[PDB]
Structures are given as C-alpha cells and as structure tokens.
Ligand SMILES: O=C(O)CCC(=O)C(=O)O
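The data below hold one chain only, encoded as structure tokens and taken in the form solved without this ligand.
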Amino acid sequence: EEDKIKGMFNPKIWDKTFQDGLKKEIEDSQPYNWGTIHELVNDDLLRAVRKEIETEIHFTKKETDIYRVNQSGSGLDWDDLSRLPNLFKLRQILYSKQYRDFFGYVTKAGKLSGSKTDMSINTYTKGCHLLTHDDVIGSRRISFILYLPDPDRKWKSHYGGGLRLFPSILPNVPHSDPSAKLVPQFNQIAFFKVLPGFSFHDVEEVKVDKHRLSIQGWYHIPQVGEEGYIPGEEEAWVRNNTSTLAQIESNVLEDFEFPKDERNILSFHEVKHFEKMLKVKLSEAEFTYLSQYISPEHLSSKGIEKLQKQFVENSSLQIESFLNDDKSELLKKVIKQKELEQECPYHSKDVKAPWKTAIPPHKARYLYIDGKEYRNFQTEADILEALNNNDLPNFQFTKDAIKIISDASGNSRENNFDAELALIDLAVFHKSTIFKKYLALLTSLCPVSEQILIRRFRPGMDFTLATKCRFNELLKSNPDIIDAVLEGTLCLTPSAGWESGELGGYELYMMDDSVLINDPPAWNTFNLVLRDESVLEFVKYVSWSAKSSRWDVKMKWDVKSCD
C-alpha cells in the first residue's frame, strides 16, 4: 500500500516541485519529447535485482536484420517469479498506481494500464545494437529503459550503448543522423511517450568488451475496466498505425525512399542483340571487350557451361575472382588507398558528389553513387525538389562533373577521386551492351531494363533491412516478362575478418532454416540471384570493429525468357 510503495523510489519523485520541473524539462526536450531520471529506484532494491538477474537468468545471443542482443525472451517466466522476489517487487512498484500517475503526468500521456505489464531483460555486449525504429506497436503508450550496468563504475561514452534520438524531416521521415544521445548510468531511467511518425530512436553499438544490463518496458493504453479506459480508443489507435499506415506507405511514403527501387528500360538495339543470340555465340571482338574486365576463367568455353549449369540448377551464381588481375589490383589499390589515407564522411551533411546517403534510417543507411545529379536531403524542400525534377543516371556525365571539382581544387593523397573513377569505369563496363550479352548467355534470360549502384557501407553506420524485390509496375501485364528481378552483387571489400559474420556486412538471402545465401564481404566475388517476389534480402549492419567499409556494385534487371 501507498507509503510502502513510495518508499522504494527516490523520495524526490513524489515532490510536486520536482514533478513540475520534470514535466517542463520533457516539454522542452529535443528532437521529440523525452525524459530521464537519475537514481530512480532505492539503491539496495536495485542492487539486489541486479544480483538476482546475474544469478538466475541465462542470456543468449540473437541476430536479426535490425538487432544483435543477448535476450531471455531458460529462466524467465513472468507468471512465476518465485525465485526472483526482487524483480517481482520492481515490477509491482513500476506498475503501481502511484508511479503510473507520476509517469503519466510528466509525459502528458494520461492514464496507463495497471494490469498489462510488458517488460524484457537484455544485455548488450561488444557488437550488440538496435537500429532505428519508433516503438509503435499495438497498445504501447510510453517506452522506458532502466539501466543496470555495474553500479560501482562509470559507464563511459566511448563504451557505446548510448540511446540515440532522431530529429524529423517530415512525419515518418526521420533524419539519417541523430541529434541527441543519452549515456546511461546505473539506476537511470530513460523514457518517452510513443509518437507514431516521430519517436525514432536506436541503441548505439557497444564498442568495447563490457556487459550492459537493462530492463526495457512499456506502459499501455488503459484496458476495459481500468482507470481511464475509453471504449474504442485502443482499436482506433491500432487501426491507424496498421492497415491505414500501410495505406499511407504505398500512397505517399515510398516516395521519400532514396535510392528508388526502379529500373530504366534498355534500348531496342540491346534487346535485339540479346534475343538474336538466344534464339560463335560471342564474337572475338566481344570476348576481347569482355576480357578487359573479366577473368579468362569465366570467359573460357568450360567456365561458361559450368556457370550456365549452376544457374539452371539453383537460379543463382556465386563466382570467385570475377574480375581479372589487372582490374582486381587497380581496384584494390585505389580502394585501400581511400580507406587508409582519406577521410570518410560520417554525417549526411558532410557527404559530397558523387556520393549520396540512402534514407530513411528506419529502412536503410549507406553511401552510394547512382550516376544522378547531386542530392543532399536536409529538408522537406530538398526532397520535393527531387521528386518534381527526377533525373536519369549518367555515369559518364559523373566522370565529367568530377573533373570540374578535381580541377578547381587540385589532387592529393588525402583528397582524390581515384576510387570513384575506377568504380564508375566498372559501372560503365557493366552497363555496356556486350556485358549484358554475356549475362544473357550465362542465364538464358534477356535483360529488358537495368539499375546500377556503387555502395559503401561505413563501419558503425550502415545497413539495409530485409525487403522484397520491387516488380516493374508497368510491365506486370507483359506475360513474356518473368515475375522476377535478376539481381547482381560485385563485392569489393579489401579487408579481413568477415568470415564468421560477427562484423556484419553479410549479404543475406532468405525465404519469407529459410536462409538461401549468407555471404560475408570478400574480395572480387560476384553473386547473381533471380528473385521471385517471396525472397528477402539485406546487408547486415557493419560493426565499428570492422577494418574497412563494405564496398560493392549492385545491379538489378527485369528479364524475359526467349523460351
């Protein structure tokens, strides 16, 4: 009762002057309303809870596209906490009427469910992380995290594990870079009211070899019977954030994704060449042209049949030493040089031509070169300007634009476009008619469209999430054109240590064990995959631990059978 529960918290939290001060502070916070309280719970109680958890619970590593976490979601039954009396106590006081009134008041959330408790316990160790998300699930009204690292030592900034908040360009379109970061200590709580479209946050990777324990939880909309229940409130809420969010997603939101998952159609000269060949396959002039980039191993009569058969068998190809030695060395030299001697931008504002940042961060983040005009999305107007003035990729005009920049600034070991120029030449090569003629030979498919990107995934920044291919809307009715996207990836990652996947950066292909391909970055490999609409793909978040970025060239084609 009352006094027994209030005694388990810092006495300050029951003080009206403190409460008003805190409500004001949360009201003035940026980038959206959040709060923090130091030394929330009674020290002894919380020390005990930490002891119980270290002693009573096992934590297993779990990796998805969006997180690596040691969870207990093996020891933990929320309906039987008999062996963990201290935790049971914490859960009772955190959901008590006294605390729910306090918490609802300072966050301006209104009333909170007493019965519907929702907690999980996690540890973050080196490499653990949670990417950008907003917490909008079901009936959640407030998010909190209570932190329990070592009570007798300061958790430092460079340890990582910070709670990071994101400012917003529009509703549902957060900025790529965070504008606030909380470095939490023991017995500190962080919390915010859930804001569909705004409450974007993540957990910064833990960077050093330590264990950060925490209790994550949510307060829910009052349920039927409880204080502050309103009939139809929860269902209105859930409806709005689900079926109708999906409705706004297709109608509007996909427009604010960059790069767009769209392909440009090939000319009739190209398509005719492919067709004729499919219904003395390549000329000598053509092998000569191909041999400038491609290893003779894959251009030989037997290399081809081998690849043809693998593709017919698996609907996929994983080639090694794809490029020849002349190109492999040049690319390795210029890429290593850039990695070791030049500064990589670590903020979207610092990214310059020919590079761009993929957005938004709750879908993806990475640097890419698309051959389009320079774009740096810092405001709504920046975005609308692009959507009004869409342009087409021109890799040659990008080499040109590099020279105007290179000649008005000079060149040096610290600032040059050698890597960019080499990679664009690679891109031009893969856009040539003769390359696609070679692709058509390997696969017996006839490409009818293409998109090429050069991508760089920075350590500690960059990642995609699991998604399906996007069918060319306009072509869906053409029965000759296969219900599939052919997808290529040329990995050009020069550094070592990827093999176990612990550093991230792996390309993952899976069924909606369902894993079809799981390739950590390597040097000069080429994956070709013909995806149906059910196949999911992503590149995993690259860890701060990694010695270089993942560099690749990404290619997509719409295809038709010539029978």
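Throughout, rigid core stands for the largest set of C-alpha atoms superposing within 1.5 Å between the two forms. One-based numbering along the sequence shown.
In a rigid core superposition of the other structures in 6 other deposited structures of this protein, 209-217 and 398-406 differ in how far their CA atoms stray, and the farther one is 398-406. Relative to the displayed structure, the C-alphas of 225-233 lie farther away on average in 6 other deposited structures of this protein than those of the other candidate, with 225-233 and 175-183 compared after rigid core superposition. Residue-level annotation: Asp513 lacks coordinates in a third or more of the other entries compared, counting only those that model residues on either side of it. Residue-level annotation: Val238 lacks coordinates in a third or more of the other entries compared, counting only those that model residues on either side of it. The modelled chain breaks between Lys279 and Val280, where 10 or more residues of the deposited sequence lack coordinates. The deposited sequence places 10 or more unmodelled residues between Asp512 and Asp513. 300-308 and 388-396 differ in mean CA B-factor, and the higher of the two is recorded for 300-308. The mean Cα B-factor in the deposited entry runs higher for 111-119 than for the other of 162-170 and 111-119. The residue among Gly127, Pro361, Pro447, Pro231 whose C-alpha carries the highest B-factor in the deposited model is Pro231. When the C-alpha B factors of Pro178, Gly104, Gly488, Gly73 are read from the deposited coordinates, the top value falls at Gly73. Per the deposited record, the Cα B-factor of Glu227 falls in the highest third when ranked against the other modelled residues of its chain.
In this PDB entry, the Cα temperature factor of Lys333 sits in the middle third of its chain's modelled residues. Sort the modelled residues of the chain by CA B factor and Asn376 lands in the lowest third. Among the modelled residues of its chain, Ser534 has a C-alpha B-factor that falls in the highest third, as given in the PDB entry. Among the modelled residues of its chain, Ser477 has a C-alpha B-factor that falls in the highest third according to the deposited record.
Just so you know, the form deposited with this ligand bound exists too; it's not on screen, but the next bit is about it.
Using a 4.5 angstroms heavy atom cutoff to this ligand in the bound PDB entry, none of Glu297, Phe322 and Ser432 count as contacting. With the partner removed from view, the residue among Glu487, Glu270, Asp118, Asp135 that has a non-hydrogen atom within 4.5 Å of this ligand in the bound PDB entry turns out to be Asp135.
Note on contacts: among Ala364, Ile369, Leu163, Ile335, the single residue with a heavy atom within 4.5 Å of this ligand in the bound PDB entry is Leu163. From the list 387-395, 339-347, 257-265, 142-150, the contact stretch for this ligand in the bound PDB entry under a 4.5 Å heavy atom rule is 142-150. This ligand in the bound PDB entry comes within 4.5 Å of a heavy atom belonging to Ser214. In the bound PDB entry, at least one heavy atom of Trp218 sits within 4.5 Å of a heavy atom of this ligand.
Interface residue remark: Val203 is counted as part of the site for this ligand in the bound PDB entry, having a heavy atom within 4.5 Å.
At a distance threshold of 4.5 angstroms between non-hydrogen atoms, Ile383 is out of contact with this ligand in the bound PDB entry.
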